[PDB]
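Form deposited in one PDB entry, single chain, as structure tokens, below.
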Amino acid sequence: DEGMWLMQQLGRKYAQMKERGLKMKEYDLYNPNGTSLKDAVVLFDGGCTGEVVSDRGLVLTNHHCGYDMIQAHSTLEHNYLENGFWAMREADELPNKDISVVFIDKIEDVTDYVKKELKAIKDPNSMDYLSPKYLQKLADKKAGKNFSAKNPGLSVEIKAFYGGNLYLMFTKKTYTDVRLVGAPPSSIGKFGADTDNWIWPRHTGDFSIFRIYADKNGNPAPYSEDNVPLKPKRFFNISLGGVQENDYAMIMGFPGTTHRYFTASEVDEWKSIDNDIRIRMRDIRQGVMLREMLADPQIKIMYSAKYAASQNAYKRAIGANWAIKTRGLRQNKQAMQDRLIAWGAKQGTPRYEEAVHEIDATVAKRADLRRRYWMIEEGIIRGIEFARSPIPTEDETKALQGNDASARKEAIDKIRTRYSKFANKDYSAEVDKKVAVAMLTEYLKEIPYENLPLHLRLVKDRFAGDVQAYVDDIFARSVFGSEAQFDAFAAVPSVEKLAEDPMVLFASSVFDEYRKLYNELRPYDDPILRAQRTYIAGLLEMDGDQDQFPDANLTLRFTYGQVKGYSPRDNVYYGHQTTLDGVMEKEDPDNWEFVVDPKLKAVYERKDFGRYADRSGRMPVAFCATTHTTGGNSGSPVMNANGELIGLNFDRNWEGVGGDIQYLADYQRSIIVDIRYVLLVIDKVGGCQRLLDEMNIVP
């Protein structure tokens, strides 16, 4: 069901949740004045979500959430990324360098407090009502200078909601010694990771296991050999009852962003400019890189990660436009605003029609600059690798002028390090020249002479319109076109060589225009934001927050719905649950993506599923639900009707990507790893009995 609900809206949403099958009592999942299941949820390491699943502070989150730190502890002897990691005792649990978890300790509404403060700002057009500095200052004199010394490991944050119409203060509790407990091998954690990205049906065992460690009194403390496993306020029980079609599911976690209150015109701009240019430019770039990857196995190895990373937003943009073109997103937002316009007429307040008109006229006024901005970001800043090649810093310029030969060598030696990082083991100038030529050709076809970053004017003015020659010339003459050319420069360095270096000139000219456009464009956000406040104010006055959730803003939210499959197109039906069969069916030993761990293959051939199989003896893997999810929900606990853990969220299907603008009941699904599959992997792949005994597993 629709919405990323604030914890303080649990009350208002409880009847609609009970109707969907919720059995738990309200105060059992969120109490402002007590302990609740909220207290078992964590913001894992800045972006992900995690959940506390034991009394000794064991935490589950996604594999891809715990990936960098699994990778860090991986040597060539002990390759935990590949093989997995199973700490046989608490003391073998590996600590981590730059990790955190954040419990949300308290949440208070402070709208009245914050609105009164703002009321003493003379300036009507002040953007302080959304400025995080300003809100942090209002926070610090609420909790009192000096709160964080007096309350150790606590902090406070105020955030704006519904476009400045609601404010909340969050009391956070951050633990910093979070150790690696367990991970499946990556063949299970990233099964089908590139190909099945955004795909249901899905077969990916996407979990990793950590523990929160603190001082002897359970207080936040950075890594110290004397730290001990935290006792949490509350943890999640692990259900073994499984899921079935139509079962209630709900999720809690930290969604990043939505655009639920976009005007029709804003939707048009997102489709026309933001998404279409992403799509066009990344097609071109992806074509050339596909072509060069097939011709050469060594290019294939070097470009994989760059290609698939470009591919991630590409397919997101494809999904979103498919929803805009087929599911009536634009008409939905036109309707909602027309509805407020009519209601606002009848009330005698033209304010709302004013706000809508203001967003419209602004959107249309900034169309060209935004088109230009997207063309450059997608085409060049991301499109072309040599766009991100070294510029000398003003400090390095200064040392290359005048005098000191030790300072001259020092400035050079750290340009060497930047050059080395641009032209690394994965960079190929030859590929980059071909990608540049195609992107630049499309850029020049779209962006007229008078609006070109300066160096790109030379294609007409000097190479007679020959884009291949211009690009060949940048590599031929430039100190960064090859190692030997850089060395030649380093031996006899001079600021006048760098000043006239055509790659440097291209790079800095391109970034100049990128900056200048950002800047011209920034002043147009403010009127839209101000009108957005007025617009959302009206939607709330008219219809209430009952069925109008606040845009996501990296805050703790709940969403509820059902375990349900769907139909993606004529005559094809996807069900609610995948199985270990689908893993077997997808095995390709000659492709890293679809490798099947030998221990898992063997668990499948003996049907050694134990208490984790379903009725009918199938081994569950994943399931999907009508729950409303987005970036930031990676790793969120999924609960059944009694609040017991039934899985971890790890993706959305591509048909649900326009869900950020409008929930799609018949298409949008959260894709969730089945907790029974999690336990199976721990039990029969890791052998790690102790942490099963640790969890409170319920029938």
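Numbers follow the displayed sequence, beginning with 1. Rigid core (definition): largest C-alpha set, two forms, superposition within 1.5 Å.
The form deposited in another entry exists for this protein as well; it is not shown, and the discussion that follows is about that form.
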| item | value |
| --- | --- |
| From 112, 368, 430, 496, residue displaced between this form and the one not shown - CA threshold 2 Å or more, rigid core | 496 |
| Rigid core superposed: residue 591 CA moves 2 Å or more between this form and the one not shown | no |
| Large Cα move at residue 569 between this form and the one not shown, threshold 2 Å, rigid core | no |
| Exceeds or equals 2 Å, Cα of residue 307 between this form and the one not shown, core fit | no |
